[PDB]
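Before any questions on how it binds or moves, here is one chain, the form deposited in one PDB entry, in structure tokens.
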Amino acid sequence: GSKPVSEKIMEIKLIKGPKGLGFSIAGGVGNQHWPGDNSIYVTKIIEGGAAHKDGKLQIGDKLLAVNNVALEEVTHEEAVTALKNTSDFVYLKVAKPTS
């Protein structure tokens, strides 16, 4: 048989404009998005924001890192802080679904 043991991982490079990165997240320790699951997930992509304009990030993608900040097993508040603490240029590390 065959089964995924880890996901394809993409690095998405964005330039943040006055409209911001324009995506929403859910999940994290203390805000689990599914039972037993601490991952950060992308839940909304806002029209006109950098993520939407670039076109690569997708709802349901798992956010593993922002810049040098690992988001693999962190609280929701820590992920939110990491996103807010971005400059003009942002590197996102995302896991894609394995289906």
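Start at 1 and count along the sequence shown; that's the residue number.
- Higher average CA B factor: 81-89, of the stretches 81-89 and 7-15.
- Higher mean CA temperature factor, per the PDB entry, when comparing 32-40 with 62-70: 62-70.
- Sort the chain's modelled residues by C-alpha temperature factor and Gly27 lands in the lowest third, per the entry.
What comes next is about the form solved in complex with a partner chain, which is not displayed.
- The partner chain in the deposited bound form is not approached by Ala65, whose heavy atoms all lie more than 4.5 angstroms from it.
- By the criterion of a heavy atom within 4.5 Å, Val69 is excluded from the residues contacting the partner chain in the deposited bound form.
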